[PDB]
Each structure stands twice: as structure tokens, then as C-alpha cells.
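Chemist: So that you have it, the file is model-v4.cif, and it contains mmCIF, C-alpha atoms; chains and numbers go by the auth columns:
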data_input
loop_
_atom_site.group_PDB
_atom_site.id
_atom_site.type_symbol
_atom_site.label_atom_id
_atom_site.label_comp_id
_atom_site.label_asym_id
_atom_site.label_seq_id
_atom_site.Cartn_x
_atom_site.Cartn_y
_atom_site.Cartn_z
_atom_site.B_iso_or_equiv
_atom_site.auth_seq_id
_atom_site.auth_asym_id
ATOM 1 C CA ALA A 1 -22.146 -19.816 6.137 0.00 9 A
ATOM 2 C CA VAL A 2 -24.085 -17.046 7.872 0.00 10 A
ATOM 3 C CA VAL A 3 -20.859 -15.146 8.592 0.00 11 A
ATOM 4 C CA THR A 4 -19.898 -15.119 4.906 0.00 12 A
ATOM 5 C CA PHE A 5 -23.405 -14.003 3.919 0.00 13 A
ATOM 6 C CA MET A 6 -23.443 -11.136 6.419 0.00 14 A
ATOM 7 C CA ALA A 7 -19.931 -10.067 5.387 0.00 15 A
ATOM 8 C CA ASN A 8 -20.980 -10.056 1.723 0.00 16 A
ATOM 9 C CA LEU A 9 -24.053 -8.001 2.625 0.00 17 A
ATOM 10 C CA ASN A 10 -22.036 -5.543 4.737 0.00 18 A
ATOM 11 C CA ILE A 11 -19.276 -5.001 2.154 0.00 19 A
ATOM 12 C CA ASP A 12 -21.945 -3.244 0.072 0.00 20 A
ATOM 13 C CA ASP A 13 -21.855 -0.557 2.793 0.00 21 A
ATOM 14 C CA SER A 14 -18.079 -0.089 2.273 0.00 22 A
ATOM 15 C CA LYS A 15 -16.852 -1.155 5.705 0.00 23 A
ATOM 16 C CA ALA A 16 -13.285 -0.804 4.303 0.00 24 A
ATOM 17 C CA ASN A 17 -10.773 -2.555 6.607 0.00 25 A
ATOM 18 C CA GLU A 18 -13.358 -3.840 9.106 0.00 26 A
ATOM 19 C CA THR A 19 -14.607 -6.801 7.066 0.00 27 A
ATOM 20 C CA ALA A 20 -11.339 -7.417 5.196 0.00 28 A
ATOM 21 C CA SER A 21 -9.386 -8.445 8.296 0.00 29 A
ATOM 22 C CA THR A 22 -12.181 -10.728 9.521 0.00 30 A
ATOM 23 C CA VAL A 23 -12.602 -12.445 6.145 0.00 31 A
ATOM 24 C CA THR A 24 -8.849 -12.912 5.702 0.00 32 A
ATOM 25 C CA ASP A 25 -8.475 -14.314 9.225 0.00 33 A
ATOM 26 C CA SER A 26 -11.361 -16.735 8.654 0.00 34 A
ATOM 27 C CA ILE A 27 -9.868 -17.870 5.336 0.00 35 A
ATOM 28 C CA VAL A 28 -6.425 -18.365 6.893 0.00 36 A
ATOM 29 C CA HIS A 29 -7.745 -20.285 9.904 0.00 37 A
ATOM 30 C CA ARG A 30 -10.247 -22.535 8.123 0.00 38 A
ATOM 31 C CA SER A 31 -8.277 -22.844 4.840 0.00 39 A
ATOM 32 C CA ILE A 32 -11.468 -24.145 3.173 0.00 40 A
ATOM 33 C CA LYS A 33 -13.490 -20.919 3.112 0.00 41 A
ATOM 34 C CA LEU A 34 -12.132 -19.945 -0.326 0.00 42 A
ATOM 35 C CA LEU A 35 -14.686 -22.069 -2.190 0.00 43 A
ATOM 36 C CA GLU A 36 -17.491 -20.844 0.069 0.00 44 A
ATOM 37 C CA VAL A 37 -16.623 -17.172 -0.435 0.00 45 A
ATOM 38 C CA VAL A 38 -16.211 -17.502 -4.212 0.00 46 A
ATOM 39 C CA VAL A 39 -19.532 -19.329 -4.608 0.00 47 A
ATOM 40 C CA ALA A 40 -21.204 -16.776 -2.322 0.00 48 A
ATOM 41 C CA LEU A 41 -19.784 -13.917 -4.405 0.00 49 A
ATOM 42 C CA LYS A 42 -20.615 -15.636 -7.718 0.00 50 A
ATOM 43 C CA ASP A 43 -24.157 -14.241 -7.777 0.00 51 A
ATOM 44 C CA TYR A 44 -23.115 -11.049 -5.962 0.00 52 A
ATOM 45 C CA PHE A 45 -21.580 -9.438 -9.059 0.00 53 A
ATOM 46 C CA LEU A 46 -24.219 -11.006 -11.338 0.00 54 A
ATOM 47 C CA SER A 47 -26.072 -7.669 -11.222 0.00 55 A
ATOM 48 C CA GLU A 48 -25.943 -5.573 -14.384 0.00 56 A
ATOM 49 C CA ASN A 49 -24.393 -2.493 -12.761 0.00 57 A
ATOM 50 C CA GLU A 50 -20.592 -2.405 -12.735 0.00 58 A
ATOM 51 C CA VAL A 51 -20.493 -0.798 -9.272 0.00 59 A
ATOM 52 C CA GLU A 52 -21.451 -4.052 -7.549 0.00 60 A
ATOM 53 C CA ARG A 53 -19.035 -5.974 -9.777 0.00 61 A
ATOM 54 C CA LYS A 54 -16.022 -3.830 -8.908 0.00 62 A
ATOM 55 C CA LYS A 55 -16.988 -3.652 -5.224 0.00 63 A
ATOM 56 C CA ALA A 56 -17.016 -7.459 -5.116 0.00 64 A
ATOM 57 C CA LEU A 57 -13.817 -7.749 -7.153 0.00 65 A
ATOM 58 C CA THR A 58 -11.748 -5.368 -5.011 0.00 66 A
ATOM 59 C CA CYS A 59 -12.466 -7.292 -1.804 0.00 67 A
ATOM 60 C CA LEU A 60 -11.999 -10.642 -3.562 0.00 68 A
ATOM 61 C CA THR A 61 -8.582 -9.475 -4.774 0.00 69 A
ATOM 62 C CA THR A 62 -7.696 -8.172 -1.305 0.00 70 A
ATOM 63 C CA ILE A 63 -8.581 -11.447 0.425 0.00 71 A
ATOM 64 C CA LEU A 64 -6.734 -13.391 -2.283 0.00 72 A
ATOM 65 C CA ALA A 65 -3.637 -11.235 -1.746 0.00 73 A
ATOM 66 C CA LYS A 66 -3.726 -11.577 2.040 0.00 74 A
ATOM 67 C CA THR A 67 -3.832 -15.407 1.784 0.00 75 A
ATOM 68 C CA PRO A 68 -1.318 -16.567 -0.853 0.00 76 A
ATOM 69 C CA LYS A 69 0.374 -19.309 1.197 0.00 77 A
ATOM 70 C CA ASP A 70 -2.211 -22.097 0.843 0.00 78 A
ATOM 71 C CA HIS A 71 -4.397 -22.718 -2.211 0.00 79 A
ATOM 72 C CA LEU A 72 -5.345 -25.828 -4.169 0.00 80 A
ATOM 73 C CA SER A 73 -3.611 -26.171 -7.533 0.00 81 A
ATOM 74 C CA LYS A 74 -6.842 -27.127 -9.310 0.00 82 A
ATOM 75 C CA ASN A 75 -8.633 -24.283 -7.529 0.00 83 A
ATOM 76 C CA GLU A 76 -5.731 -22.013 -8.497 0.00 84 A
ATOM 77 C CA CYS A 77 -6.183 -22.940 -12.159 0.00 85 A
ATOM 78 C CA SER A 78 -9.943 -22.401 -11.858 0.00 86 A
ATOM 79 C CA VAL A 79 -9.277 -18.902 -10.473 0.00 87 A
ATOM 80 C CA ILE A 80 -7.943 -17.536 -13.787 0.00 88 A
ATOM 81 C CA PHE A 81 -11.025 -18.483 -15.841 0.00 89 A
ATOM 82 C CA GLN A 82 -13.734 -16.247 -14.390 0.00 90 A
ATOM 83 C CA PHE A 83 -11.215 -13.395 -14.345 0.00 91 A
ATOM 84 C CA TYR A 84 -10.359 -13.502 -18.025 0.00 92 A
ATOM 85 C CA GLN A 85 -13.962 -14.019 -19.096 0.00 93 A
ATOM 86 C CA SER A 86 -14.635 -10.972 -16.891 0.00 94 A
ATOM 87 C CA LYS A 87 -12.052 -9.185 -19.039 0.00 95 A
ATOM 88 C CA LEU A 88 -13.702 -10.443 -22.226 0.00 96 A
ATOM 89 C CA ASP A 89 -17.379 -9.868 -21.426 0.00 97 A
ATOM 90 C CA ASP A 90 -17.210 -6.573 -19.514 0.00 98 A
ATOM 91 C CA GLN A 91 -14.990 -3.484 -19.560 0.00 99 A
ATOM 92 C CA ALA A 92 -14.359 -0.367 -17.419 0.00 100 A
ATOM 93 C CA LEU A 93 -13.472 -2.576 -14.414 0.00 101 A
ATOM 94 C CA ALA A 94 -10.319 -4.374 -15.586 0.00 102 A
ATOM 95 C CA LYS A 95 -8.087 -2.487 -13.134 0.00 103 A
ATOM 96 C CA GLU A 96 -9.451 -4.460 -10.178 0.00 104 A
ATOM 97 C CA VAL A 97 -8.722 -7.673 -12.061 0.00 105 A
ATOM 98 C CA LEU A 98 -5.209 -6.293 -12.624 0.00 106 A
ATOM 99 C CA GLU A 99 -4.685 -6.128 -8.868 0.00 107 A
ATOM 100 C CA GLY A 100 -6.259 -9.590 -8.867 0.00 108 A
ATOM 101 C CA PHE A 101 -3.568 -10.860 -11.227 0.00 109 A
ATOM 102 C CA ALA A 102 -0.933 -9.202 -9.037 0.00 110 A
ATOM 103 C CA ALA A 103 -2.461 -10.933 -6.000 0.00 111 A
ATOM 104 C CA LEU A 104 -2.730 -14.398 -7.567 0.00 112 A
ATOM 105 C CA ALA A 105 0.775 -14.206 -9.053 0.00 113 A
ATOM 106 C CA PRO A 106 2.725 -15.015 -5.810 0.00 114 A
ATOM 107 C CA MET A 107 0.922 -18.361 -5.602 0.00 115 A
ATOM 108 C CA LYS A 108 3.427 -21.054 -6.575 0.00 116 A
ATOM 109 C CA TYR A 109 0.990 -23.862 -7.495 0.00 117 A
ATOM 110 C CA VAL A 110 1.025 -22.742 -11.134 0.00 118 A
ATOM 111 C CA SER A 111 1.707 -25.126 -14.003 0.00 119 A
ATOM 112 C CA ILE A 112 4.135 -24.344 -16.817 0.00 120 A
ATOM 113 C CA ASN A 113 1.270 -23.758 -19.264 0.00 121 A
ATOM 114 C CA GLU A 114 -1.059 -21.852 -16.918 0.00 122 A
ATOM 115 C CA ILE A 115 1.513 -19.106 -16.333 0.00 123 A
ATOM 116 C CA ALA A 116 2.111 -19.099 -20.095 0.00 124 A
ATOM 117 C CA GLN A 117 -1.614 -18.568 -20.666 0.00 125 A
ATOM 118 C CA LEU A 118 -1.591 -15.753 -18.095 0.00 126 A
ATOM 119 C CA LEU A 119 1.356 -13.950 -19.677 0.00 127 A
ATOM 120 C CA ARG A 120 -0.061 -14.375 -23.187 0.00 128 A
ATOM 121 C CA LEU A 121 -3.596 -13.236 -22.336 0.00 129 A
ATOM 122 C CA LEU A 122 -2.809 -10.338 -19.994 0.00 130 A
ATOM 123 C CA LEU A 123 -1.671 -7.980 -22.779 0.00 131 A
ATOM 124 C CA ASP A 124 -3.507 -9.302 -25.841 0.00 132 A
ATOM 125 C CA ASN A 125 -7.223 -8.667 -25.308 0.00 133 A
ATOM 126 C CA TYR A 126 -6.951 -5.789 -22.821 0.00 134 A
ATOM 127 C CA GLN A 127 -4.083 -3.765 -24.350 0.00 135 A
ATOM 128 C CA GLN A 128 -3.408 -1.970 -21.071 0.00 136 A
ATOM 129 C CA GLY A 129 -2.208 1.625 -21.067 0.00 137 A
ATOM 130 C CA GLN A 130 -4.546 3.066 -23.705 0.00 138 A
ATOM 131 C CA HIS A 131 -5.630 6.114 -21.695 0.00 139 A
ATOM 132 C CA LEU A 132 -6.022 7.605 -18.203 0.00 140 A
ATOM 133 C CA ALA A 133 -3.260 7.826 -15.593 0.00 141 A
ATOM 134 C CA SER A 134 -4.176 4.863 -13.377 0.00 142 A
ATOM 135 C CA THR A 135 -5.004 2.563 -16.307 0.00 143 A
ATOM 136 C CA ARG A 136 -1.440 3.124 -17.529 0.00 144 A
ATOM 137 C CA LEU A 137 -0.076 3.100 -13.944 0.00 145 A
ATOM 138 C CA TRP A 138 -1.233 -0.336 -12.719 0.00 146 A
ATOM 139 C CA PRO A 139 0.342 -2.265 -15.654 0.00 147 A
ATOM 140 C CA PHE A 140 3.754 -1.246 -14.319 0.00 148 A
ATOM 141 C CA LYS A 141 2.729 -2.713 -10.956 0.00 149 A
ATOM 142 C CA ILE A 142 1.609 -6.041 -12.409 0.00 150 A
ATOM 143 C CA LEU A 143 4.704 -6.376 -14.592 0.00 151 A
ATOM 144 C CA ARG A 144 6.854 -5.508 -11.563 0.00 152 A
ATOM 145 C CA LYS A 145 5.419 -8.383 -9.524 0.00 153 A
ATOM 146 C CA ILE A 146 5.433 -10.827 -12.449 0.00 154 A
ATOM 147 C CA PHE A 147 9.113 -10.033 -13.021 0.00 155 A
ATOM 148 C CA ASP A 148 10.046 -10.163 -9.333 0.00 156 A
ATOM 149 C CA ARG A 149 8.464 -13.566 -8.698 0.00 157 A
ATOM 150 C CA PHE A 150 9.053 -15.918 -11.619 0.00 158 A
ATOM 151 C CA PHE A 151 10.195 -14.028 -14.727 0.00 159 A
ATOM 152 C CA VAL A 152 13.541 -13.399 -13.019 0.00 160 A
ATOM 153 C CA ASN A 153 16.026 -16.162 -13.810 0.00 161 A
ATOM 154 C CA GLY A 154 15.791 -17.906 -10.447 0.00 162 A
ATOM 155 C CA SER A 155 16.056 -21.332 -12.107 0.00 163 A
ATOM 156 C CA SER A 156 17.920 -20.139 -15.241 0.00 164 A
ATOM 157 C CA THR A 157 15.853 -20.495 -18.469 0.00 165 A
ATOM 158 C CA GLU A 158 15.133 -24.221 -18.664 0.00 166 A
ATOM 159 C CA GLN A 159 11.470 -23.706 -19.613 0.00 167 A
ATOM 160 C CA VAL A 160 10.718 -19.963 -19.257 0.00 168 A
ATOM 161 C CA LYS A 161 12.317 -18.763 -22.505 0.00 169 A
ATOM 162 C CA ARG A 162 8.997 -18.271 -24.318 0.00 170 A
ATOM 163 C CA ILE A 163 8.014 -15.353 -22.077 0.00 171 A
ATOM 164 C CA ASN A 164 11.413 -13.626 -22.212 0.00 172 A
ATOM 165 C CA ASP A 165 11.356 -12.155 -25.716 0.00 173 A
ATOM 166 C CA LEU A 166 7.673 -11.225 -25.645 0.00 174 A
ATOM 167 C CA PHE A 167 8.180 -9.438 -22.326 0.00 175 A
ATOM 168 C CA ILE A 168 10.149 -6.821 -24.270 0.00 176 A
ATOM 169 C CA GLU A 169 7.169 -5.653 -26.291 0.00 177 A
ATOM 170 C CA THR A 170 4.793 -5.571 -23.331 0.00 178 A
ATOM 171 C CA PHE A 171 7.234 -3.210 -21.636 0.00 179 A
ATOM 172 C CA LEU A 172 7.062 -1.303 -24.914 0.00 180 A
ATOM 173 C CA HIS A 173 3.282 -1.723 -25.064 0.00 181 A
ATOM 174 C CA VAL A 174 2.722 0.980 -22.430 0.00 182 A
ATOM 175 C CA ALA A 175 5.447 3.544 -23.151 0.00 183 A
ATOM 176 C CA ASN A 176 6.085 6.929 -24.801 0.00 184 A
ATOM 177 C CA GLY A 177 3.078 8.399 -22.976 0.00 185 A
ATOM 178 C CA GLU A 178 4.139 8.632 -19.334 0.00 186 A
ATOM 179 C CA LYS A 179 4.535 12.166 -17.974 0.00 187 A
ATOM 180 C CA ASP A 180 4.168 11.860 -14.202 0.00 188 A
ATOM 181 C CA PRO A 181 7.490 11.031 -12.504 0.00 189 A
ATOM 182 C CA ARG A 182 6.453 7.847 -10.690 0.00 190 A
ATOM 183 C CA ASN A 183 5.871 5.930 -13.936 0.00 191 A
ATOM 184 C CA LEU A 184 9.240 7.263 -15.108 0.00 192 A
ATOM 185 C CA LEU A 185 10.893 5.754 -12.026 0.00 193 A
ATOM 186 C CA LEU A 186 9.020 2.501 -12.661 0.00 194 A
ATOM 187 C CA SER A 187 10.266 2.339 -16.251 0.00 195 A
ATOM 188 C CA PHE A 188 13.843 3.216 -15.282 0.00 196 A
ATOM 189 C CA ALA A 189 14.020 0.670 -12.459 0.00 197 A
ATOM 190 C CA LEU A 190 12.485 -2.139 -14.514 0.00 198 A
ATOM 191 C CA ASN A 191 14.760 -1.423 -17.484 0.00 199 A
ATOM 192 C CA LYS A 192 17.841 -1.331 -15.240 0.00 200 A
ATOM 193 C CA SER A 193 16.857 -4.655 -13.673 0.00 201 A
ATOM 194 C CA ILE A 194 15.939 -6.298 -16.983 0.00 202 A
ATOM 195 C CA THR A 195 19.209 -5.354 -18.692 0.00 203 A
ATOM 196 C CA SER A 196 21.083 -7.536 -16.192 0.00 204 A
ATOM 197 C CA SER A 197 18.441 -10.210 -15.546 0.00 205 A
ATOM 198 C CA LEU A 198 17.244 -10.838 -19.103 0.00 206 A
ATOM 199 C CA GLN A 199 19.378 -12.676 -21.652 0.00 207 A
#
How would this structure read if it were set down as C-alpha cells?

Modeler:
Amino acid sequence: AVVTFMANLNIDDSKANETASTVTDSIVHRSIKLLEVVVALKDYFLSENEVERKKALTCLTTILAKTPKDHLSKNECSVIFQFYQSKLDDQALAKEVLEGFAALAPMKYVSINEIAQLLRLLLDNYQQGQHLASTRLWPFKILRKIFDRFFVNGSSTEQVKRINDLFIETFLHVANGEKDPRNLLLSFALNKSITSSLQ
């Protein structure tokens, strides 16, 4: 418990990769530290300033990404809640929760409805891609992972069909405003893949 507390105090000093490796190794080895770290960080971002909130969220997303193999299904479902109420209550920090969605996506203990709730909510309240280069850049990343993991027809379309059609408009949701080449490559590659993959 003391190790988690000192790591959470030191991350405020921006130790960068020093604390990330230690926290991820501890989580992997113990496989029970996820609840301890989330409850320890619960009051960490409770402060009014958004700086503390995003500094906690970036490391939480990093440690979630580095440990996607093992995670409780009920805990997995509980993960989404605080994130989308973080979307709803506060703004100007949703990018970190976008990398959080990208990190929690590879987890395969997701119910048929929970992934449906994710895909429905991710574009509705936020409306990603309104302005600024990165805010329109990350949505391509998150859609790339969500396509590569489960949206692709790995198991045909026995129960995924509901996402398929709507996916079209979210790809259209952030479009007609990309000028830097890397977003252009993202759009071209995803469209080329989706022409063959999608029915």
C-alpha cells in the first residue's frame, strides 16, 4: 500500500517512464493491484484543477494498456463508468480518456451490450474532431484499434451488425477538415480496409 501511495505522490513530479515500469510490473506480478491503484487514484483527481486530473488519467491509461491480459469482467465493466462520467462532467481532458478507450479495448472480457454501449457513447456526447489537430487526430487512432480488434468480421456478423452501419457515419463524423498528411493516410488506409471488411 505504501508503494502505491509513494508512486502516486511521485507521479505528480512527472517521473515519466521511471514509475510507469514499476507500477506495470507490480500490477502484472500481483494481478490484484488494479483495485488498489484505482481506489488510490480516486481521490487523486478529485482536485478542481484539470492538470491533476489529466496527469492521473495519462498514467492510469498507460498502466491499463501495459496490462491487458488479465482483468476481471465485472471490474472491466466498472472501468467504463467513471470514464464516461468524466466525459460528461468535465471537458478539455477527453483526449486522455480516448487513449484510455484505446487501452481498454484489447481486453476481451467485454459483454455484447457493454461494447455496444461503448461504441454508441464514444461519438454521441463528445463529438470528437471539432477543432485542433490532436483532438481530430486521436479519433482516427481509437477507431483504428476498435476496427482492428473486434469490428473486423473475425466471427462473421452473428451479433455485431448493429455497429456496422453506424460506423460509417463516425468515420464521416471527423472528415472534410484534415489537412496534414498523416490523417490523410489514416483515412485512406481505414477506407481501403473497410471496403473489403465491411458488408

Chemist: Could you work out how far atom CA of residue 128 of chain A lies from atom CA of residue 64 of chain A, giving the answer in Å with one decimal?

Modeler: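 Computing it gives 25.7 Å between the two atoms.
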
Chemist: Give me, please, the distance in Å between atom CA of residue 104 of chain A and atom CA of residue 66 of chain A, quoted to one decimal.

Modeler: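 These atoms are spaced 5.7 Å apart.
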
Chemist: For the file shown, report as number ranges by chain the outcome of the PyMOL selection byres ((chain A and resi 129-144) around 8) at residue level.

Modeler: A: 95-96, 103, 125-128, 145-148, 178, 181-182

Chemist: May I have the centre and edge lengths, in Å to one decimal, of an axis-aligned box around the listed atoms of segment 28-47 of chain A with 4 Å added to every side, as lines of an AutoDock Vina configuration file?

Modeler:
center_x = -13.0
center_y = -15.8
center_z = 2.6
size_x = 21.1
size_y = 24.7
size_z = 22.5

Chemist: Which is closer to residue 108 of chain A than all the others in A:69, A:172, A:94, A:34, using all atoms listed in the file?

Modeler: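 Checking each of A:69, A:172, A:94, A:34 against residue 108 of chain A, counting all atoms listed in the file, the winner is A:69.
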
Chemist: Taking (-14.4, -21.2, -0.9) as a centre in this file's frame and 12 Å as the limit, can you find every polymer residue with an atom that close, using all atoms listed in the file, and give them as a PyMOL selection string?

Modeler: chain A and resi 9+12+31-32+34-36+38-50+68+71-72+79-80+83-84+86-87

Chemist: Would you work out the distance separating atom CA of residue 89 of chain A from atom CA of residue 33 of chain A, expressed in Å to one decimal?

Modeler: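 Here the two named atoms are 25.5 Å from each other.
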